[PDB]
Structure formats: C-alpha cells, structure tokens
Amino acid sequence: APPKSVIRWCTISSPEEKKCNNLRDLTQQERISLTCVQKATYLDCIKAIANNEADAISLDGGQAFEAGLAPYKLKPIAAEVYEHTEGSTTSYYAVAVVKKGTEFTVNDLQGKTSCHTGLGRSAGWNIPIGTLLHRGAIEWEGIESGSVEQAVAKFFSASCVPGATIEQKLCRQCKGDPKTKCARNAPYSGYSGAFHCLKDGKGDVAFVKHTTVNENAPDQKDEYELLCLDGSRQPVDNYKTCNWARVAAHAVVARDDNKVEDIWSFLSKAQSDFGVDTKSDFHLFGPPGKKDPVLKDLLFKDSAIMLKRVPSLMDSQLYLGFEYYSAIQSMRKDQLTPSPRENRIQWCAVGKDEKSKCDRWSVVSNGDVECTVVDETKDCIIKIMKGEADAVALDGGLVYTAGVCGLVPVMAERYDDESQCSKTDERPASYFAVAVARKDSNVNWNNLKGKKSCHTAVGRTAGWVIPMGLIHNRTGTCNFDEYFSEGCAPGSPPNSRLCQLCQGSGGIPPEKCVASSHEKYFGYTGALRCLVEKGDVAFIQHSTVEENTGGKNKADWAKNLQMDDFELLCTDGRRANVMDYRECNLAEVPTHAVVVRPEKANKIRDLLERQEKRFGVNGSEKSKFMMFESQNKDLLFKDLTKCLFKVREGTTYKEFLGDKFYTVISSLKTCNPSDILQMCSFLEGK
C-alpha cells in the first residue's frame, strides 16, 4: 500500500505546541498529516522520537550531537538556510581574533591570558576549549586531574568566564563591578564585551562568532586580525579559511528507517504552500522580528529563510563539521575509552589481504603505523575525514570525490625508480591513455559508436574511467552498456552486452566477464588481445603495444605482431601513429596518491618518510618486509612503486589532476552522482 502517512512533530513548550496544532487543519486538507506532541525537555523529545514514539524534531548543532548519539543515533534530514551574502547560508563560522603583531600561533599558548563570553557556549567555551583539548595543548584525560574548569588553571593564568561553581583561574580580566563580574549577565561578553577584551586589552586570546568585527566597526581594522589553527593568521574578512569551526545551522533529525522521506515531503510542502511566501496566516520561518524570549525561534528557528535538504548518509559526526565534532569530542562524551590519543599514524586497510598486510607491518612498526580495515574502498574516504582513519592510497577517480569531501593528496607514488625521486626537477610521470585502433581498421572517434569494444576492466582509469569520461560528454546519459555493439570489460554485469567479447574461463567454470585471474581478456594486454581477436578498438596505456610488440610477448598470438599493425585513435578523427602517445592520447593519467586531511599533512609525509626507507624499495630492512609488495598484488600500495616522495606543498586535487582530467572526471560522475559524493558536495555549498 503506497505513500500516505502522518508526521508526528516533537515539541518543547505549550506556546510552541499551540502553534503546532494551528497547522493541523492544513496537514489535514493535505495528503501527509500530523499529530503534535509536547515534551518538557528535548532529551525526552529525543528519546521519544527515538523509540518510534514520535517522528522528528528540528534541533541545533549543540543538540544535533546529542540527538545523533547512541542509543539514539538520529539522522539529520534537512537543515535551515539564511540571508547574508557569501552564498546560500547554512551555517555560522566559529573563529578567533587577536591584535596584530603576535609572536606565537597556539603551540606555545600555555600561559597567556584569555577572555570568553560565557561558559559552555560554542565559539567561547566548547569550541576553542575542545579544539585545544584534542590538540593536546592542555594535558587532560579526565576531570580528576584537571576538570574543564580545573584544567583551565593548569593551562591558563587568566580567563574571563561566567562559570564559577568551582574554578577561579578562569575568572580574571572581566571588567565592571567587584560583585557583578563573573556573571553571564555582565555586558563584558556576548560577542562585544569579550571583543572589548582585545579592544580594552583585558585578555590576550579571545575567540568569538566571526564577522562581529564588522557588525561592531567596519572602519578600524588591522588593529585586530584573525588567527588560524595552522600556524597562519589573516585579516578581518579572512574567516572562510581561518575559522576554528564549521558551526552548522539548525537541522531536523529523525531515527533511521522507512518512515523518512514523508518527513521531508510533509515539510517541503509545508513550505512551498505555507512557507515564507504563503498568503495565509502563517510564517513557517518566523518573519524577522522581535518577541517574548519565551516564544523565540519556535517550532522552527525564527531567523530562517528556508530549509535545505540533507543527504541520506549524512550523520552528526558529519553534518556539524569535523572541527565542531573534534572540539566537543574532547569533552565528557567519553574521556578516552572509545576515543584515545594515539597520535601515531594508522591506515585505511581495504581487504583481509590488506588489513593483515597492514598488520604484517604493525609488529615491525611498534605503533609508528596502525591499522583499521574496510569493506568498500569508499569506507576509507569517510573514516579518515571522520578522524577514524588517517591516510589512504587510491586510484585517480577516488581522488576526485575525496577532494570534494575535503581530503587531498599528500604523498604520491612513482612508477619509474627512486633514481628520480628526491628532487624537484621533473615532478609528474608520463603514463598516457590511448584509443588503440588497428592498422587497416575502420574505427575512429567519429564512427566509434556501434563498434565492438575492448576495455581492460569496468573501472581502471585508462582502461575505462577515461573512455566513458570523454564518452559522457557525447552520450545523452551514462548508458555505457548501450554504446558499442558489444565488448568485454571484466567486471561488468553477468549476461550484459559489455561482457559479450569476454572469452571468459580458460576452461573449467565458465567464469565469463570476470575481473579475476580466471579471465583471459583481463588486464591491458588481455584487452589488447581482444582488439586482435575480436574488437574493433581497445582502451589501454601508451606503451601497452611496445610491451608485447617487437617479439616481446612470446605468446600464441603476439609472437609475430608488430606495432606496425596498431594505430592511435585521436578524439578528432586523426589516426595518429602509435609512437605519438603525446599527440594523440585520451588522457594523461596520474599515479596513485595518499589522500589525507588538511591538518596532519606535512607531518604525515614525515611518518611515511620515516617508514619510507625503513620499509621501502632501496630500504634497509628488506630482509624483514617492505611496503609495496604484498603477495605480489596491489594492496593499498600498487606493487610497481619505488619512490613515494613528499609532493609539492599547498596544491589541490584539481591541480593534482589537471583540467583535462578534472573537467572530464567531474563531468562524468555528474551523469550519475552518489552518496559520499553527494554529501561532501552539498557541504561545499554551505
């Protein structure tokens, strides 16, 4: 029985409850319905909805955490948006600002004074407080050696804070009367009084809501400037790159189940009809106006423009940002039982063949290099960015998605020899993608359709990702298994048209179209064989021909063969001569890469540099183990790797790839988006 439900919204107070029923009537005259409740607290409202006792409730980031925590583990279904300038606002950046001419960054701040707005409030407490806890700054493991209050003393020497139930070394530079000071109500805080701290010099370090140094006084600028977590420091409007946190913007949670989208539809509709534009008696976002503190941001935040949707996958750990998460993880959510301080490197293993590979190391790395194995190679991307994982060595495409998520290359591979590594003379390496056409052949990029094709596998950059990539920009939709009359592409569907060329099994079980050892048309040469025996074209490397031609591949087929029988097929028709890989290649394909996070970079390279020669190719302990080798199969690290040098500092995946590469990789996956790739992406436009 098809879609048609009732959405029971969760409340907090009676006045907000009353406005709830006041929509009833419409929910009624409309398809999806409602049933409003009321809970004295939001924790109750959360445990309520959780136990299917209710549908959903819109929350803040400070709560959205708690809401996402177990056993609740509630999902963020849709955020709220606002009117500023930058873009289509969906957050509120958490920064920090001090006076110009500062002789420190943060690694030595274990003594200077400070200044907050109040305790347990974001930007002020929580955030910098948590960021510092997780950045080890404040030697702290649990309140019983240094409470959130205690620890302050053995970190600070001054803090202007309204929290005085226990500690004093966090109650100093607050201006005013001798009995009205450390009170949350003292005008020496909020966003201006604490901003008055650096202004009236009463406190050295002070971090508040961003862009307040604009609301306050656009004029006098550089007397104050923002300070980054990565050594750097910058000007007034330099927050979108030098802000402590990606402080979110009120979202809408819910459990994780079938009864979900209806929650999206009973609202989006409760918007398009009865929204800010509604010509009725309701303003679903609260018209910008003042009111009674009892009735503020009711049902939904009053200072909102509209509500934007949030991806299926999207969790707390993700929606609110890493920063905020890392910050608040430093708290009493757990001191260090399910979240230790293992500063040392670890790796996203992807396979039992890989985990243990990583494990094969973990003994001979005495902690210097840890492990966490995975199932889908895409688990890597989320884990690292989740802080759970540290690094990863992946293929071309995965690098794209990653970079969109915020992760980037830090130390790429080398496929020639270390005898061209530790230097900055000729950085990248030449491996090209070519459209191998036959000598007397018919084919060409202009009559390439309806041709029998030969791909290595359903996924290798040169042997697949690129063809389909270029192809996309002239395919209608990604009906790749609906272009060539047929072909072989080991890994494509069972009885598909794309496996038709696959000569499958060598004998025994009819393993056709397998990206397995058991395949005959597997790999570059396999797919080349394909061109020779069946196909009208084969997608492979620049020097894939040379490898066999010249009397090199001494097989039942190649024996004779001269590349004087193969030709390059250029995207413009030009039947280029094999030897011109440069002037007739499909794509200049990059080498793999260790994509990681913007905060552990230069030092992660180090870790790999330490172990580099320790367990590297020309390495010393070659009698113990290595790194690239693994049963003689590419495990995380391809086996055809010698150097793995520290790349260029301050680059980007877009740069790492190349326009002619990014361009097509970006616009290929456009043709068919995906979860991870979708979540990271909507977060790009925050």
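Residue indices: 1-based, along the sequence shown.
Novice: Mean CA temperature factor from the deposited coordinates, higher in 15 to 23 or in 658 to 666?
Specialist: Averaging CA B-factors over each stretch, the winner is 15 to 23.
Novice: If you average the CA temperature factors over each stretch, which comes out higher, 146 to 154 or 537 to 545?
Specialist: Mean B over CA atoms: larger for 146 to 154.
Novice: Between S268, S91, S312, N585, which carries the biggest CA temperature factor in the record?
Specialist: If I rank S268, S91, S312, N585 by C-alpha B-factor, first place goes to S91.
Novice: Could you say which of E225, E519, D417, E388 has its CA atom at the highest B factor, as listed in the PDB entry?
Specialist: Of the candidates given, the C-alpha B-factor peaks at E225.
Novice: By the recorded C-alpha temperature factor, relative to the other modelled residues in its chain, which third is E426 in?
Specialist: Highest third.
Novice: Among the modelled residues of its chain, does the C-alpha B-factor of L644 lie in the lowest, middle or highest third?
Specialist: Answer is middle: the recorded C-alpha B-factor places it there.
Novice: Which third of the chain holds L59 when residues are ordered by C-alpha B factor: lowest, middle or highest?
Specialist: Lowest third of the chain for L59's C-alpha B-factor.
Novice: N444: which third of its chain by C-alpha temperature factor?
Specialist: Ranked within chain, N444 CA B lands in the lowest tercile.
Novice: Quick check on the deposited entry: does the C-alpha B-factor of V617 sit in the lowest, middle or highest third of its chain?
Specialist: For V617, the deposited C-alpha B-factor lands in the middle third.
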